[PDB]
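Working notes, beginning with the structure itself.
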């Protein structure tokens, strides 16, 4: 039966009106409209309050209507129906995103109330082939507490680009044709009804997946101890540890991967911190990032509803044995949020981006003694939990 969302929210739909849409098919725009109308119906609070706005983008940007124009569902659907696609000769996804933050959520247009979720739903049939670069504008949008969902129709977009734009890679949805948009209705709602929150008092399963290569202590023999203190300091940021709170695990990887201890092994901070201290590095100069992630997936997370998180750290590039992008995908698909940290000059930032849940969850630092400069931003993510709030009827 039907999907509903009771969450109070200011919701902006970024609506592609490029020439490409009209050309492919005469009835494409209408299916787009019908899709948005169903989104409007799926939100209980709309017209009691929860609001809705639409911004057209392609060549330049045009606001169809702001949050504070239509105070009831049916009036919003009319506004959507009365929309006139300008059929633009280019596609400016960054320009569209820029408009949405500066204007769409402004007090003038009906936003600025921190009591409501800010949601943006992007629909495009292609790649941002003009105007500002998307990622940057997206970065700032999201920084302001805005959830960005991105929908791609057809083949002329690049899923890569939608993954940079969206909150997380799994906030990107794709469909072959406009005829099939409706098949994304449920998923879009589920995603929009997520209430993301930073709370270190909440329950979580956190796996450290750390490099154990010999290369770490090469330039300085206290580096591995610095890594270990980084972990210890993270454990101490959580209110309560153990089965009734936040559990912890540690997996190291050098040439292969080794589970040092699992989630259910200890319950107190001091027991977990001491367990971390027990951990030693290897004599091998290899970084099997892939094995590390594999181990976490097979040995750690099945052996404990709570938020699963992996914190990955490496000072080198992957050796080869196992595919980090494949193991990470499977973890991501199981609901594991992944944070990637790189230290030094021997890792590949491109690998970290591919494994992390979002480029925004990737951190770098020149040395291990500079690690505490990212403690906060990493803890912020580790303490983050997103709860689904969509149901039926």
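In the deposited numbering, the protein residues as written are 45 to 92, 97 to 352, 359 to 447. For each residue, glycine too, the CB sits at the ideal point set by N, CA and C.
What is the DSSP secondary structure of residue i, reduced to helix, strand or coil?
{"i": "residue 47", "result": "coil"}
{"i": "residue 292", "result": "coil"}
{"i": "residue 62", "result": "strand"}
{"i": "residue 331", "result": "coil"}
{"i": "residue 141", "result": "helix"}
{"i": "residue 54", "result": "strand"}
{"i": "residue 208", "result": "helix"}
{"i": "residue 410", "result": "coil"}
{"i": "residue 278", "result": "helix"}
{"i": "residue 257", "result": "strand"}
{"i": "residue 385", "result": "helix"}
{"i": "residue 198", "result": "strand"}
{"i": "residue 404", "result": "helix"}
{"i": "residue 426", "result": "helix"}
{"i": "residue 105", "result": "strand"}
{"i": "residue 217", "result": "helix"}
{"i": "residue 153", "result": "coil"}
Pull up the distance between the alpha-carbon of residue i and that of residue j, whole angstroms please.
{"i": "residue 238", "j": "residue 381", "result": "25 Å"}
{"i": "residue 392", "j": "residue 337", "result": "13 Å"}
{"i": "residue 388", "j": "residue 188", "result": "28 Å"}
{"i": "residue 272", "j": "residue 203", "result": "46 Å"}
{"i": "residue 296", "j": "residue 198", "result": "33 Å"}
{"i": "residue 306", "j": "residue 327", "result": "11 Å"}
{"i": "residue 149", "j": "residue 433", "result": "26 Å"}
{"i": "residue 140", "j": "residue 63", "result": "12 Å"}
{"i": "residue 420", "j": "residue 146", "result": "32 Å"}
{"i": "residue 334", "j": "residue 426", "result": "25 Å"}
{"i": "residue 91", "j": "residue 164", "result": "14 Å"}
{"i": "residue 67", "j": "residue 422", "result": "54 Å"}
{"i": "residue 284", "j": "residue 362", "result": "18 Å"}
{"i": "residue 322", "j": "residue 255", "result": "16 Å"}
{"i": "residue 105", "j": "residue 129", "result": "16 Å"}
{"i": "residue 75", "j": "residue 229", "result": "8 Å"}
{"i": "residue 210", "j": "residue 412", "result": "11 Å"}
{"i": "residue 430", "j": "residue 274", "result": "16 Å"}
{"i": "residue 331", "j": "residue 264", "result": "10 Å"}
{"i": "residue 184", "j": "residue 160", "result": "21 Å"}
{"i": "residue 155", "j": "residue 246", "result": "25 Å"}
{"i": "residue 415", "j": "residue 435", "result": "8 Å"}
Assuming residue i and residue j are in contact, meaning their beta carbons sit under 8 Å apart, how far apart are those beta carbons, in whole angstroms?
{"i": "residue 438", "j": "residue 241", "result": "In fact, because the Cβ distance is near 17 Å, the residues do not count as touching under 8 Å."}
{"i": "residue 259", "j": "residue 369", "result": "6 Å"}
{"i": "residue 315", "j": "residue 289", "result": "6 Å"}
{"i": "residue 177", "j": "residue 138", "result": "6 Å"}
{"i": "residue 261", "j": "residue 302", "result": "5 Å"}
{"i": "residue 319", "j": "residue 376", "result": "31 Å between Cβ atoms; not a contact."}
{"i": "residue 217", "j": "residue 386", "result": "7 Å"}
Apart from the five residues on each side of it in sequence, which residues of its chain come closer than 8 Å, Cβ to Cβ, to residue i?
{"i": "residue 231", "result": "223"}
{"i": "residue 447", "result": "45, 46 and 48"}
{"i": "residue 235", "result": "221"}
{"i": "residue 103", "result": "56, 57, 58, 59, 109, 110, 111, 112, 144, 147, 148 and 152"}
{"i": "residue 443", "result": "49, 50, 51, 241, 242 and 243"}
If you drop the 5 nearest sequence neighbours on each side, which residues of the same chain put their C-beta closer than 7 Å to that of residue i?
{"i": "residue 324", "result": "276, 279, 280 and 298"}
{"i": "residue 219", "result": "196, 197, 198 and 239"}
{"i": "residue 384", "result": "345"}
{"i": "residue 125", "result": "81 and 84"}
{"i": "residue 120", "result": "91"}
{"i": "residue 317", "result": "283, 284 and 289"}
Can you name the start and end residues of the beta strand (DSSP E) that residue i belongs to?
{"i": "residue 173", "result": "165 to 174"}
{"i": "residue 222", "result": "220 to 223"}
{"i": "residue 112", "result": "108 to 113"}
{"i": "residue 305", "result": "305 to 309"}
{"i": "residue 245", "result": "243 to 246"}
Would you mind reading off the limits of the alpha helix (DSSP H) that contains residue i?
{"i": "residue 358", "result": "Since the model of the chain passes from 352 to 359 in one step, residue 358 is not part of what is shown."}
{"i": "residue 74", "result": "72 to 85"}
{"i": "residue 127", "result": "121 to 129"}
{"i": "residue 362", "result": "Element bounds for residue 362: not the alpha helix (DSSP H) but the beta strand (DSSP E), 361 to 368."}
{"i": "residue 429", "result": "429 to 436"}
For residue i, which residues from the same chain have a beta carbon less than 6 Å from its beta carbon, with the 5 sequence-adjacent residues on both sides left out?
{"i": "residue 205", "result": "172, 174 and 175"}
{"i": "residue 79", "result": "229"}
{"i": "residue 366", "result": "257 and 394"}
{"i": "residue 158", "result": "99, 114, 115 and 116"}
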